[PDB]
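In the form deposited in one PDB entry, a lone chain appears below as structure tokens.
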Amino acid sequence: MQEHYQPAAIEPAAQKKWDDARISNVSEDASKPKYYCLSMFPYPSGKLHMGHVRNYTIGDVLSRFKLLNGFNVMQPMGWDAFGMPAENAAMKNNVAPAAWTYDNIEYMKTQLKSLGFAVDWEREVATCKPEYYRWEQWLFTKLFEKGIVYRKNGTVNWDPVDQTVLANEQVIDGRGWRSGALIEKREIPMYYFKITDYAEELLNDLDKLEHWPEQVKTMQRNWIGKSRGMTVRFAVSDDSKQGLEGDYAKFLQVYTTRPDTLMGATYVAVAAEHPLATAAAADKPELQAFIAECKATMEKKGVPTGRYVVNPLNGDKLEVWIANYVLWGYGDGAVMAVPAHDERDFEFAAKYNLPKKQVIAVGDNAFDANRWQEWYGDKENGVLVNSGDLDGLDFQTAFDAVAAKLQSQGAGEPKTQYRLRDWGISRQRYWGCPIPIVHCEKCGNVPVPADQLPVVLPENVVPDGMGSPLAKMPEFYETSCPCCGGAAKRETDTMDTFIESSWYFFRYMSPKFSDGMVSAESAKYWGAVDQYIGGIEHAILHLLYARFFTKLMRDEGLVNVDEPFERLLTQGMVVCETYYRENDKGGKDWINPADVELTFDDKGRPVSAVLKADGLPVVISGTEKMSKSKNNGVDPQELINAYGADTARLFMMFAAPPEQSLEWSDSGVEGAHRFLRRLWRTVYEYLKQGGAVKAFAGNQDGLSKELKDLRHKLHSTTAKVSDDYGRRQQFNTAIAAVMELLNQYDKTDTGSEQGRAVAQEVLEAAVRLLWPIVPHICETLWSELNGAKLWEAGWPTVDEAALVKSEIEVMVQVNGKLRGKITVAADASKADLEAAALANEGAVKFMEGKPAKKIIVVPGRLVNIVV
């Protein structure tokens, strides 16, 4: 063994030994329980940075832990290679998208291999390859023919800077997820996935996810936004049928989410386009004035109609009103009004002097007609009043009673709605999966036959920056219709990158399977992802899509699971300084801190910052998430070349609990390296003074107290590291525990024959406990300590015999008559026995109150309080 810790020697040798052994290349092996641990794969949008090191070291710790415990561990890596992140990076570096993406992939792969992650590289997947994206084109055609995928014109989200439509989930704070530019509305046709068909299932299955952070589930519940409401029909009065447009002559249909207040409806409002407004204007020019004027912030306008509808629950005749807030296209284009318990209704009926009937009571609070209070709208603690046989019911009981009422009369029925909208996936972008549709002017939009898939995206295209490039390539889009054989045009829009991100975890199970998305036998074997690791930014963007896709694929018979990810760890962000300049196109040019010289004030505040290459200023933007797209990352390859990969991994797990934000610091890097030197030095000086021996094991009677205490600390540590990896998933406290063990070891004289045997046991355990975190140095130290393979020695076990404290039971006497019994320490002095003997209730009671006249102490045998 060399004295000095030289990572450039040992890290390549250790990786080659692991590679030759093929311990990460796994099969569908029924003789070992499976463990599928997966980190969210990266966009090829730049170089990986230390934030990725944190993300992928967490996965590697968990994978290597499970490997040492006998699991068949699959930890795959691949490349989220299609769509905006890779294509925008290509254009910003003046590179064609294909050539940029495959070169960036090769660099990212080198970075990850340098870090020694136990990755099955034979399952590597690149989503921009036809052997991958042909299968999402297949699913698309399958879903398109069932109507689960459809094309429709509509009002869509338009990004003027990325020059593409975007899905609702890609609109962040009204800005595009990659551009940060303000989104505009446009009428553009799009292909949609009918995710609202699965809205109930996506919502309710959240209850199954017991090992997901509650925050992710809360945000998906709010994004789905399920509303339980009631359709309610008010029959049109006999006096008000002038204009019989079918059922618009019989009744007026509304929707409401407060049917518990239906007894409180004092009028009804209707849209200017609704037939009620049409009939009540045939002889009303001041009605068509409102109709033309109208045809959440605008203050409400309204006009009475003179037509009347009937409350089905009590028979009250309510006047219909033309309203500015009712929009045809949202449901039946008509609403009811309960001014006493809805703020929007209270203000309208205050402006137009319309009655307000109190119908909900909330405990001690008194009602005030001309003065709204927030308790008027409590949907939790209220109780119904003035409501016939509904009196006394709370919201949830009254909801069901109203439904029973309305249904017996045929005048209503419950109806669910959701804020969730269907998923718009087509993009006016080149670098993405082609949409397998052909437009024939006779047959319509026809899917491409399965036998003709994939539609191969041409790869030698350089986007000019002016709209969809495929729209400009008739060598691509001119074709013949697959049903009639005549002239036709391919769809030139492509699929958003979140199509590929929505099923890659299944493709990893059989990445070379050429007859489907995923082979049946591997899908049955791997089941779901046991452990998933990625940032909280994916809570709605991707994690919702992935669950939807899983359910789509299950219903098509491709997989047999309801959810893709059983456990989810959302690691905290590595954050660091950020800088940029505004460019001529109004967009920021981000600049790496390594290229910035700063100027400070007397207190230490950075006041100025300049680019070192041109001496000209840059903007100090503040600490921020380490981001490829913000050019603020610290490249792991830089740390590896200076300090070793182990130092890089160790710093990221030690600096903070995994969910806590981690500020970058050079001091932390140095502290991690000194610990690795200490571990190297500790093993080196153990072996320099006698060489390895057989590790202590078995019964420890006859060991000195000092060596017993150390074995107690050793097996306590094993117990704690085990709990930290397997139950708590807290890696910093695992490292801290091992440091404490090494601290006690440094203070224990292990020079003796039994001493060296306990030293070997301590060091054999420590390097295994740390192997998931810093596997390179631990593989090298273990092979200097022990001739066997490390991954075959397995996870260290807890010797429970080493945990029993070393005690002793002394008998106490009074007058000589045995009067009690106490336990004390084995190393206890004569006085502590004397103090403990008097603390015995027995001796206290037998001695009465007399002071002791003497106390005879038999060494480790008896105490005689002569009272």
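Heads up: residue numbers just count along the shown sequence, starting at 1. We call the rigid core whatever largest set of C-alpha positions still superposes within 1.5 Å between the two forms.
We do not show the form deposited in another entry, though everything after this point is about it.
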query	finding
C-alpha displacement of 2 Å or more between the shown form and the other one on the rigid core, among 564, 78, 176, 447	176
Shift of residue 585 between the shown form and the other one at or above 2 Å (CA, core fit)	yes
Residue 651 C-alpha relocation of at least 2 Å between the shown form and the other one, rigid core basis	no
Core fit, then residue 816 C-alpha moves 2 Å or more between the shown form and the other one	yes
